[PDB]
Amino acid sequence: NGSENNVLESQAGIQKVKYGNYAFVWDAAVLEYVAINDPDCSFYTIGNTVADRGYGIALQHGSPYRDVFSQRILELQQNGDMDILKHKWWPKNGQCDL
Amino acid sequence: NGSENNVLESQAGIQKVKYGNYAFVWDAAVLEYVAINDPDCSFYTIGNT
């Protein structure tokens, strides 16, 4: 019934993988936030072309400002400004080949 | 069903080639202009006749 192999926390997966014979399935952005910072460079990761989903801001149901933030987000992404702010936390000039 | 390798944008493809472990298939004249103009010139290219 799902109780056999699963875990309740990110640490319970990550450290069980680091110290046990296990693999943990999770959000790739989080796994890369682990793997870039891990001092051993011990982790590597594998993935698939996920589509049609993303992280987004939410507003009150029917809020009139819903378009303004969406437009500014589109501007920031299209300019690469959003990707420059992303590089603050997920740099591509990494030290470990993940 | 093509989900395991492909990408949605050529810019993501080219950067995945630069920093990842991948080979990107595209118009040879464009990839040659990139391979000339990359500031590190880290790329090389091949193509069919």
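Residues numbered from 1 in each chain as written, not as in the entry; some residues may be left out. Chains lettered and ligands numbered in written order. Part of a larger assembly, values for the part shown. Heavy atoms only, no water.

- This entry, as listed in the PDB, derives from cryo-EM and reports a resolution of 3.57 Å.

1. What about the overall build of chain B?
Then step 1. Across its full length, chain B holds two helices and zero strands.
Then step 2. Accessible area of chain B: about 4,300 Å², with a carbon and sulfur share of 51%. (Helix = DSSP H or I, 4+ residues; strand = E, 2+ residues; numbered from the N terminus. Areas by Shrake-Rupley, 256 points an atom, 1.4 Å probe, with all protein chains shown as cover.)

2. As for the packing of aromatic side chains
Then step 1. Going through the model one piece at a time under the given rule, you end up with two aromatic pairs over all chains.
Then step 2. Above the face of the A:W90 ring, A:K86 is positioned so that its terminal group lies 6.0 Å from the ring centre.
Then step 3. Geometry around B:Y22 places B:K16 over its ring, the cationic atom sitting 4.8 Å from the centre. (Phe/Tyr/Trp six-rings, centres within 6.5 Å; stacked < 30°, edge-to-face > 60°. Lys NZ or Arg CZ within 6 Å of the ring centre and 35° of its normal.)

3. Some points on the state of the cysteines
Residue and element names in this part refer to chain A.
Then step 1. This structure, assessed with the given rule, holds one disulfide over all chains.
Then step 2. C41 shares a disulfide with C96; S-S distance 2.0 Å. Judged by the sign of its S-S torsion, about -55°, the bond between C41 and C96 is left-handed. Here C41 is found in the loop between α2 (28-37) and α3 (66-79), whereas its partner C96 is found in the segment after α4 (81-87), with 55 residues between them in sequence.
Then step 3. When its relative accessible area of 34% is taken as the criterion, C41 is described as partly exposed. (Disulfide = S-S within 2.5 Å. Buried < 20%, exposed > 50% of the residue type's maximum accessible area, 1.4 Å probe, protein only.)

4. With respect to the interface of chain B and chain A
Then step 1. Residue-level contacts link six residues of chain B with five residues of chain A.
Then step 2. The largest share of the area that chain B buries against chain A comes from B:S3, B:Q15 and B:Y19, three residues that together contribute 65% of it.
Then step 3. The interface formed by chain B and chain A holds zero salt bridges in total.
Then step 4. There are five residue pairs in polar contact connecting chain B and chain A.
Then step 5. Tallied by class, residues from the side of chain B that touches chain A come to one nonpolar, four polar and one charged. (Contact = heavy atoms within 4.5 Å. Buried area = accessible area lost by both parts, 1.4 Å probe. Salt bridge = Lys/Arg side-chain N within 4 Å of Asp/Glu carboxyl O. Polar contact = N/O pair within 3.5 Å; in protein donor to acceptor, adjacent residues only side chain to side chain. Nonpolar A, V, L, I, M, F, W, Y, C, P; charged D, E, K, R; others polar.)

5. Looking at a nonpolar patch on the surface
Residues and elements named next belong to chain A.
Then step 1. A contiguous nonpolar patch, built from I57, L59, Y65, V68 and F69 and spanning about 510 Å² of accessible area, is present on the exposed surface.
Then step 2. With respect to the helices and strands, the residue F69 is situated in helix α3.
Then step 3. The exposure class assigned to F69 is partly exposed, which follows from its relative accessible area of 39%. (Patch = residues over 30% accessible without salt bridge, like charges linked within 9 Å, V, L, I, M, F, W, Y side chains within 5 Å.)

6. Topic: the pattern of salt bridges
Residue and element names in this part refer to chain A.
Then step 1. For the structure on display, the rule yields five salt bridges over all chains.
Then step 2. In this structure, the salt-bridge partner of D40 is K18, at a minimum N-O distance of 3.2 Å. Linking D40 in the loop between α2 and α3 with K18 in helix α1 (residues 10-19), this pair joins segments that are 22 residues apart in sequence.
Then step 3. Using a relative accessible area of 53% as the deciding quantity, one classes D40 as exposed.
Then step 4. Here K18 falls in the partly exposed class, since its relative accessible area comes to 32%.

7. Quick notes on the side chain of B:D38
Residue and element names in this part refer to chain B.
Then step 1. Mapped onto the elements of the fold, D38 is located in the segment after α2 (28-37).
Then step 2. For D38, a relative accessible area of 11% gives the class buried.
Then step 3. At 3.1 Å, the side chain of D38 forms a polar contact with the side chain of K18.
Then step 4. Setting aside chain neighbours within four positions, we find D38 in contact with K18 and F43.

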